[PDB]
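Just the one chain here, laid out as C-alpha cells, in the form deposited in one PDB entry.
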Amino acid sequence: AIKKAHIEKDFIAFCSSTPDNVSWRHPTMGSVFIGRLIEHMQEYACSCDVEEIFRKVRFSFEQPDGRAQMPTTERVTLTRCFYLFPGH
C-alpha cells in the first residue's frame, strides 16, 4: 500500500558564513572555510557525527582577526547522528 513520507528530512546545510556577510578565500590556498572543514574532517571523521564536526569548525572561527567569518549550519533536519565511520 501507499504510505506517507515527510517531504523534507535528513538534510543539513553548512554555509561558509552568515547572511549579508562575506567569506574569505586566498588566491594561493583557496577558501578558508573549505580548508578548515577538510582539516577537521580528516581528524574527527572517526569519532564525531558530521554535526559535532561542523560545530568544531565554527568554534575554530570564534576569534575574529581581520578576515573574520562565522559559518552556519542551516535547515538541519537530521533525525539522528551521522557517523562517517571512515575505514568502513
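Rigid core (definition): largest C-alpha set, two forms, superposition within 1.5 Å. Shifts are known only where both forms have a C-alpha. Start at 1 with the first residue shown and count on from there.
In what follows, reference is made to the form deposited in another entry, a form of this protein that is not presented.
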Core-superposed comparison between this form and the one not shown, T18 Cα displacement 2 Å or beyond
yes
If we fit on the core, is the Cα of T28 displaced 2 Å or more between this form and the one not shown?
yes
Inter-Cα distance between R25 and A45 in the other entry, nearer or further [3 Å or more]:
farther
Knowing the Cα distance between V22 and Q63 changes 3 Å or more in the other entry, does it shrink or grow relative to here?
farther
Requiring every Cα in the run to move by 2 Å or more, and the run to span 3 or more residues, what stretches do you find between this form and the one not shown with the rigid core held fixed?
17 to 29
